[PDB]
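Quick heads-up: the structure tokens below are two forms of one chain, split into structure 1 and structure 2.
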Structure 1
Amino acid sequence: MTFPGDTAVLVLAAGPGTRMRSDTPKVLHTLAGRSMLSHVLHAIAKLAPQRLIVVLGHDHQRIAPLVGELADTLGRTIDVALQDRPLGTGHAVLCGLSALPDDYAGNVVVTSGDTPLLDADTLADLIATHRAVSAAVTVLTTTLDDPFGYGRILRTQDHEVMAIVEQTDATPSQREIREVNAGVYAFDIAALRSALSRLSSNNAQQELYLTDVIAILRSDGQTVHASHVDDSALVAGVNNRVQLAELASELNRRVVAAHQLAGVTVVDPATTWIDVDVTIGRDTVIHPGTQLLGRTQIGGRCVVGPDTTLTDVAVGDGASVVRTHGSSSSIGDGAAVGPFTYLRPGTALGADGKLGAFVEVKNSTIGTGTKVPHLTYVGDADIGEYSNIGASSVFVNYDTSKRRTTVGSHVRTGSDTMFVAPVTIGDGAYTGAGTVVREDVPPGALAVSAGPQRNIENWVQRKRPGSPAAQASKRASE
């Protein structure tokens, strides 16, 4: 942050990713609310290289679209190079180069589409070191407890880099090496072209190994330079779903920490999932088993969770959102939502409103200070202020009617009222318990439909004789 020039970045993304066992292209799997690809491109764009090229393989029609979207989001131009068949990483670099002017003179940085955690600094350091050491190729390495599967970096006691050897081609002895190839490079474009031209597919994998390039350039008498990255997580890639979840977990730790340091109490970081676009205000407390997803925004002094999932929800200041499942909705200041509350898209709850337990709202607006405390569904309706919706009620329209039920302010509807849409209820109106409202109700009016209660006096003895409820017999002689 930022890059020099002219710098061109290739992002290899044309591998089959068979180890994911997925019918969804590897780079499109997500963590923290962005696909791996989106993560990679966001970091790269922040460095603003002259050219940004994504090498894609056979399923490129499924991916190029996303790339164009990111191009626009990122305010820049991102090109696509094709590689019909995965003949190797080296071959992929060729294809990606084919999208540069044959006379390109800038540095060529190579990275992968499956390293979500890679950051601006690590890249900027990479090129900087590459220029300082006047290297023909610079390669990022890191050390792993288990180096299995990755390229072993061969050094002489000199610490001089000799070559990179793949897991498949390595000897048992070489496999003990725990310093591995990160797969992030900086090249002198001419040396890169030269070296690539000479690759051979005589491998355990019979492919064209981009990694062979550090060996040919050693042998060319060129400057070959490795650069160790300590924070190995930054350089970690995703080849299967085990590694996906580990990177997800690790990214999540960093996002949660940042929030904690900015004044957010997270009781249980290991159990609080927060996407990268989420914002949270000061002195807010998040309880365990909570996930805040998409573009969710929480104000200050809120209490969220436990066991709460919010996608693209906006929460004002001083609100409580407990054991709630919700998406695309707004909760105003000092509102109380939960526990056991479901908000569907389109829900807007005003300041000091209350959505209680076993309440669901979809596409509804609920005015300041209004309470829907119990066992109620509110669909496609607008409610006013300081009203009180009785328990066990339902606002529903049997459709595709786009007419909305309307309820005024200071209303008090009775337990078990069914509102058949579309209907209009006036300010300070009441409804009787067990009322079916099919007709508008005037301000100050009382709507009712329930019949009068009648008592059948010795009914249990007569029509349920001998039962335990022959405890009426006990009660009588007492």
Structure 2
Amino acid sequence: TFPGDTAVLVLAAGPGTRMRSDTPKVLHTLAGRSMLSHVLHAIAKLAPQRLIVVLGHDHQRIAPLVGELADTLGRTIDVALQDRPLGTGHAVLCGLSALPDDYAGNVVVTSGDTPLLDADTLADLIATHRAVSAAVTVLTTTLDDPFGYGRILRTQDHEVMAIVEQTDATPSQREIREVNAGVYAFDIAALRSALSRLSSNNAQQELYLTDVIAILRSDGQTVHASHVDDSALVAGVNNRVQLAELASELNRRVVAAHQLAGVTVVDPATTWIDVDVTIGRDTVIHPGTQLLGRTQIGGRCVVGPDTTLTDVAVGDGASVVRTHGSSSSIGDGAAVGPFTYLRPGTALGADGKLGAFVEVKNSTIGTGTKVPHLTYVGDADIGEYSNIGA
């Protein structure tokens, strides 16, 4: 993890206007966590000296969660407010205003809307930045559609000249496919200086953090650009199309990891698995299944098809078919479905059965108890090896 005293600025003060939502962009969720939660989790895991989230637009709606996140990650996370919305450059300034004017450690700048950014990418960025002893290193990548992204300008020797933002890009610059990831590692002194030379002149009368690269190029300073070949790692979310695209990509990776760890997943494209979910060896997951929240599946289970489980605990060798359930537990070797509905507080004992058109709410159903079909069981406590219906 991080060298230290590394200080990380997380930039989350812009309007995600293109989301077309009344909920703030970085709060939109993905695989069981908001984009912001994703970022904060990867960052925390490296343990910077400082960690400073910059708020702005809708800050009163986001702050709580940062605090939630701090206590969850057992770490202190500072919040810096952006006075007015004068751009990303200004935004980084507020961020720094959270550090001692004598702070020396390098500074990593990142955004709140790149949910797939992982540890290795961040560790690589630091190591590269230290290796080439750069002033700024900037993570780039190449996309089939650079739309919306800052473009990377390189002379024939691949030396980086600057970054032009989509708004300020010329029709020929727009053709450039190498994009600015928006993940930086700055030497702090270099950084502060470069910020003091920003011009609101062009082209959204804001202070572009991206302008810092040309400035540092200019003033005889060392400027490195590290290209991330796996783009998903560093892609950003601006609209709900991108959100879904990234969701699917991350799901792909979650499922795949479960498969290599011994879980048969019949149709990955339609099996949705949240990041906290655990699944046991030789379990089989059939199509149209979502496993959400803190759902746990033991080994040798059969789950699905068409099963939705949120925060459900499932024992070994259980059968969970066409079941809609949440906040419940299902015992070893138990059989559930098809067409079964588990409401919060259902606890079904080992080898128990809940058959078709059965609904359970707030009930404990003992070991080996069967509820064959067409029956509701609410707020009940049913002993072991009974039968029930209707």
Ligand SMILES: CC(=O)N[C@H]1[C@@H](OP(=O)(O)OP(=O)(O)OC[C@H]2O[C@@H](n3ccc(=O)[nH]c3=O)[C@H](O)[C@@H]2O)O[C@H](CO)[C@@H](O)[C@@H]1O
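Residues that one form lacks are left out of the comparison. Residue numbering: sequential along structure 1, first residue numbered 1. We call the rigid core whatever largest set of C-alpha positions still superposes within 1.5 Å between the two forms.
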query: Any idea which of the pair is the form solved without the named molecule?
result: 2
Value in Å for the CA shift of residue 16 between structures 1 and 2, taken after the core is superposed: 1.1
field: Core-fitted comparison between structures 1 and 2 - CA shift at residue 58, Å
entry: 3.5
- request: Report, in Å with one decimal, the C-alpha displacement of residue 156 between structures 1 and 2 after core superposition.
  value: 0.5
message: Residue runs between structures 1 and 2 with every C-alpha shifted 2 Å or more, at least 3 long, rigid core fitted, in sequence order please.
response: 84-86
